[PDB]
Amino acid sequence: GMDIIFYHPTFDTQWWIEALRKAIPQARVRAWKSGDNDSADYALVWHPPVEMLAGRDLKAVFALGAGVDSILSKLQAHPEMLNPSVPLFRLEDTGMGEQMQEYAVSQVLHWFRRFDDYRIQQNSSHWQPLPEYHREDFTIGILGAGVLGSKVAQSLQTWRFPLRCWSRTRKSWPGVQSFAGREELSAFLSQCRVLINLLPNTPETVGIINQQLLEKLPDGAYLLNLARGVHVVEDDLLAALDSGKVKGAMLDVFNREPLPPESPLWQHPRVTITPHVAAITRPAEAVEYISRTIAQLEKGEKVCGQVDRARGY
């Protein structure tokens, strides 16, 4: 027997309540409303009101996304919101791995096969075969080598691209050269024909894709920003696009979302925009992950997807 409280600003709350009840048939599940200070064992949340969590000795909180910068930022502003005893979990993969693979493989191949150049030629009804690019000139760098970065690297290794990754700690993936820490970032960047961002938003990574980073990339590089908008200094990117340093950028996330209509990114010729849909939260998969994790916690088994609040992700 357990009590679960659920809160999400826009999802179908009734659907989630019914799905959780079936997946955890001993659970009593309820939508949280202001004033509800009754007991709860677990909370499933996205942009929770401070009142929902403050003072609660919960057994766990599950954030309904892969990224937790929104909740950690709220906690820094409202230290009373989550007691230090409460473990915080995020959604680990739950179908977002495959979605990131779909997006990255499609667009890496799109650029590798010069579909952007052919489109420009098509606009003028101009027929012209172009030289083939070669894999040896198309090293792919993955900024962030975690749950999603590993999946993307694996799918691209299938296509025989040279690969490198960047993280805080060394990785062991065969055939993927691992770079670690800020002291190795310039060497990492030097060969990245395509730079794929899959970092979390933390104080240590804000603004990392800036003028100084972009200048270290090879000429005619491509940027795929799949992580958070705050990683990219948008005016520095525009300057690199305008100079020809960056040949193309595909961006799924932005400093402000929805991306305001005055942003020059919308109409810039070498930019492709998607509205934070690279890997969406699928409710059924989230319910399965959460129910399995609660069961593991009850059995004293090791759990993977716990957030380290001191580290920030």
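Residue numbers here begin at 1 and follow the sequence given.
Quick check: 113-121 versus 235-243, which has the larger average CA B-factor in the record? Here the higher of the two C-alpha B-factor means belongs to 235-243.
Select between 279-287 and 249-257 the stretch whose C-alpha atoms have the higher average B-factor in the entry. Per the PDB entry, the higher value belongs to 279-287.
Between 129, 162, 218, 87, let me know which has the highest C-alpha B-factor in the entry? That would be 218.
Per the PDB entry, maximal CA B factor within 60, 29, 45, 273: The record points to 29.
Ranked by Cα temperature factor within the chain, is residue 295 in the lowest third, the middle third or the highest third? Middle third.
Modelled-residue ranking by C-alpha temperature factor, third containing residue 6: For residue 6, the deposited C-alpha B-factor lands in the middle third.
Could you place residue 174 in the lowest, middle or highest third of its chain by Cα temperature factor, using the values in the record? It belongs to the middle third of the chain when residues are ordered by C-alpha B-factor.
Once the chain's modelled residues are ordered by C-alpha B factor and cut into thirds, is residue 64 in the lowest, middle or highest one? Lowest third - that is where residue 64 ends up once the chain's C-alpha B-factors are sorted.
Would you please rank residue 136 by its C-alpha temperature factor against the other modelled residues of its chain and give the third it falls in: lowest, middle or highest? Middle third of the chain for residue 136's C-alpha B-factor.
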